[PDB]
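Enquirer: This is the structure I want to talk about, given as structure tokens.
Every read-out reported here was derived from the displayed coordinates using simple, explicitly stated rules and does not represent laboratory data. With ideal geometry, Cβ positions are generated from the backbone for all residues, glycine too; neighbour counts draw on all protein chains shown.
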Amino acid sequence: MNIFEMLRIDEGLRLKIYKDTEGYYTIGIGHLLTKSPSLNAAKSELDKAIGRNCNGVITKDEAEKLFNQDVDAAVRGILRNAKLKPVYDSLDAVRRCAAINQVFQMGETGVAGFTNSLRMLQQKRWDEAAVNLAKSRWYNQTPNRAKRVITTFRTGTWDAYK
Ligand SMILES: O[C@H](CCCl)c1ccccc1
């Protein structure tokens with residue numbers, strides 16, 4: 001297991017524009033296109049991202065290219081965030097994947113309310129952090145996935161991903 005295999009499990013792979021769990025136009029391996037309810041706006045974003053007129057459909061290679069970019073961008077983001085970086089750097093490699101996964105799903109601004117969980121993670125108070133992480137809209141709206149990510153933070157193992 002690694003971050004790519006982990007996010008591939010959590011996000012799936014679809015080659016036509018679909019709506020994600022929040023109802024937003026998405027393609028590939030969880031590549032968010034736009035939060036606009038206009039499908040035409042989503043198609044413009046897709047064409048811009050791929051570099052050709054896609055008409056709402058991409059190839060597996062194209063999906064994987066967006067995925068590489070999106071993972072890279074999640075990490076590089078974390079490292080530019082003065083609140084996230086020290087906690088990320090304090091973690092082992094497996095728990096770092098949990099962090100990348102959550103930021104990929106939620107965005108950086110998405111995790112602004114996680115101040116208390118962040119502190120517990122840096123302190124390596126793993127069971128306490130896991131309890132705090134679940135007190136969230138995130139957990140309530142996507143519990144199966146959140147449970148996996150939280151187990152990864154709690155244990156530093158891949159047990160939730162078999
Ligand atoms: O997945 C968590 C969310 C904030 Cl507790 C995370 C922890 C450490 C760095 C970046 C994200």
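Enquirer: To make sure I understand the rule: partners must be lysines, Cα under 16 Å from the Cα of residue 16, and not fewer than 8 residues away in the same chain. Which ones qualify?
Expert: Residue 16 reaches 43, 48, 60, 65.
Enquirer: Would you look at the GNM of the chain, springs on alpha carbons closer than 10 Å, and say which of 132, 55, 101 moves the most?
Expert: 55
Enquirer: Give me the base-10 log of I(q)/I(0) for the range 73-162 at each q in 0.12, 0.15 Å⁻¹, Debye formula, one uniform scatterer per Cα, rounded to two decimals.
Expert: The calculated log intensity ratios at q = 0.12, 0.15 Å⁻¹ are -0.30, -0.48.
Enquirer: Output the Cα-based Rg and Dmax of the chain in Å, rounding Rg to one decimal and Dmax to a whole number.
Expert: 16.2, 49
Enquirer: Take 36, 117 and order them by how many other Cβ atoms sit within 10 Å, fewest up front.
Expert: Taking fewest neighbouring Cβ atoms as first place, the list is 36, 117.
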